[PDB]
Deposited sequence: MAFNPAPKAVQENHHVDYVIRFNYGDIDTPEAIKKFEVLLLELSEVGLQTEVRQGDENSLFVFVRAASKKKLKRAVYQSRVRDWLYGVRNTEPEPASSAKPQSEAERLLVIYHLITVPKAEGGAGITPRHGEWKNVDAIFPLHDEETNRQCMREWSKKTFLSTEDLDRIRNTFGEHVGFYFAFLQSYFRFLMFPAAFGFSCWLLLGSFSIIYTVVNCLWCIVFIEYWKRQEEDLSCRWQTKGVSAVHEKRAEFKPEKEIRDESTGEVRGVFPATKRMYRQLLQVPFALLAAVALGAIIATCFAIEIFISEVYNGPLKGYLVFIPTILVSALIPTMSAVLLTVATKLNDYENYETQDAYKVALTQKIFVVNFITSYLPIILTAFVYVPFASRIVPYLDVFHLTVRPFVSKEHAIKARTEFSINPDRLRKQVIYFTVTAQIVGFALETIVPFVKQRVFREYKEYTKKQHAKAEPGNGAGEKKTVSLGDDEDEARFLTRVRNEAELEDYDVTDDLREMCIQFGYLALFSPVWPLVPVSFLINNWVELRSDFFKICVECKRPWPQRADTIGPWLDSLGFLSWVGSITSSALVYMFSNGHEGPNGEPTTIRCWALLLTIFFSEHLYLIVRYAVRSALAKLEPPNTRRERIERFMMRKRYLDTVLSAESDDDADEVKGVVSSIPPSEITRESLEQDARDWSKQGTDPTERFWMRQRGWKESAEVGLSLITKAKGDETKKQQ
């Protein structure tokens, strides 16, 4: 059905001249041939060729699979000895696709073709992608669209098709959804019986966050052992953009390495603090200014055309936060390039960590402003917001803009409504923008280009359609789930139905993300992983911060949703600070206890890998490696000493 194709290499010739294009193309085909791959060339687009790649021989494929397994075993990623090359069948499509992707991409010295798409020698090579298995995808979709949980076999199927990175994301999402049943039930019970800002709800929520994060750390270790990816960072793919200072030739492996000093990288990484403060200043200024405009227009201004003016600040936010975030992403990418980052995974993790500052600010600063600035203050702030009258100055006359005032009186529904928005309406709108609109845009761009050799015209047209799809990044889905967890950890006391909303959304999220991968995206090459990465630390940080924000909220809103109704008078700053101190430190103590208790419970795959390391070393040992003297002359054997002892005893 896929015509035995492993990868499609898109070669762009449109932006270059014919002689250089022909020379580069011949070089590409020669490298593919010399690395043991079979090529077929077809017209991809009007400006690109499709190089269809396949293992040229079953023997060569078995040899490459065996060498990949041997490299994994040598670097300790697996403990079982690699089976001989005659029995080296790819145990899944993900393994064959990974071996062939490495053959195409790893440098010539490392034993492959050095095709680095969108890099120096290969800027014409635009994309290297495998083909979707449409029947398997549709079977999986229809099968687990009718179940509650995905089986371990279902997760293994995802891993065997899309690799362990996508597999880890779906395993984490399934575990998060399963753990969300407890907070969903408990928060519905609290919303029914206690209402919001309940001490018992906040305590149980913090405890649940602790338990889920520690459980997932343990489960990640277990799953990376079960998928044979534990310690996979030892064989992380280098990135071709890495600029080494000197070239050193280690003696263990007869190769030059290209060293770069770690301390110099740390000096360059000092710039992350200024980047973070820049992003905080810019994004917080935009968000707080739009919040002040929103407050003025919606609650201070009392002139004509109030809806058409209250839609102003939401528009400005929706236009300016994406733009400022794109600028900050450009700055973060330039800083990530300045830091050198030998490996692609290190580069990706560092960029994700820089972007997490922007994510935190844009996701949580609105609710933080409403909760800890608008509610306690803003009876003392709205006198300073008369200056924002000019935002309504263009649409209404100067006198009507001035005579539009009333007692400010803070809205006690503002915070609950903002939390309900971010945890329900944002979820629905994000589902729409994430699955529906890209799908419709793809179908529209297809029928636009489709409206205005005979035996492979269908396969080739569907390959040309797959070539237009989006490039799936599992980091985006992990980011979304971690930001959602942050909402739960930080602001769930405001509205205890947040975990119910997240439970429903995450059940739908598994299926809709799988659909997006299978239908709206090119099939990702089966990248490996032994963890969700920096997102685990992000979740730990969010839960820590939530222990502070939730306790602050429970203190401030003890008297109800109004709490300090605009005035900071009722808030005793020492009692708020003491609440925060004891809550955060009870959090840290309970987290330490839970982590230490879970460290005493070794999971089965982890114990099996430890025992297997022992057994491998035992096999190795079994196959290879196969005056003063007058003091001791007094009592010959153990019996003479026994009689001397008897004589001394009696």
Comparing deposited sequence to modelled residues, the uncovered ranges are 1 to 11, 464 to 486, 661 to 700, 725 to 735
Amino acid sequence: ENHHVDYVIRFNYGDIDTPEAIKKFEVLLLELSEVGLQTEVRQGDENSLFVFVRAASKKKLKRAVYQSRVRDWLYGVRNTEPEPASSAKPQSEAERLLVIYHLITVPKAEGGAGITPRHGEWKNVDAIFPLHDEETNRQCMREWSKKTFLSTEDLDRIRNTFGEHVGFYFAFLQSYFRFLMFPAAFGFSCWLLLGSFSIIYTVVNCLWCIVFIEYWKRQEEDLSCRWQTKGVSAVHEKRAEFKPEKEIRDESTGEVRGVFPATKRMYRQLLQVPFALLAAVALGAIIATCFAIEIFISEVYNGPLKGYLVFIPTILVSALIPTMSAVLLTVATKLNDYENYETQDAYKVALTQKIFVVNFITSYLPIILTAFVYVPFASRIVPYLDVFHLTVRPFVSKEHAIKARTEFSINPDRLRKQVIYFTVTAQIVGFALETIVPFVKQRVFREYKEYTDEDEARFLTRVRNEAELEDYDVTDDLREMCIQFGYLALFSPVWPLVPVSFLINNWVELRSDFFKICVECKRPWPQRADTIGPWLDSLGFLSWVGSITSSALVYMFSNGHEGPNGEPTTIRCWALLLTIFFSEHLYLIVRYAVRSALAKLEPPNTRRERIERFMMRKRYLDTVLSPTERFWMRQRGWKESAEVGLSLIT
From here on, numbers count along this sequence of modelled residues.
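Take the two forms, superpose them, and find the largest set of C-alpha atoms that agree within 1.5 Å; that set is the rigid core.
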Higher Cα RMS in 4 other deposited structures of this protein relative to the shown form (core alignment), 266 to 274 or 462 to 470, goes to 266 to 274
Superposing the other structures by the rigid core, the farther-displaced stretch by RMS over CA atoms in 4 other deposited structures of this protein, of 335 to 343 and 177 to 185, is 335 to 343
* Asked: Within the set of other compared PDB entries, does residue 313 lack a model in a third or more?
  -> no
Task: residue 137 unmodelled in at least a third of other compared entries - done: no
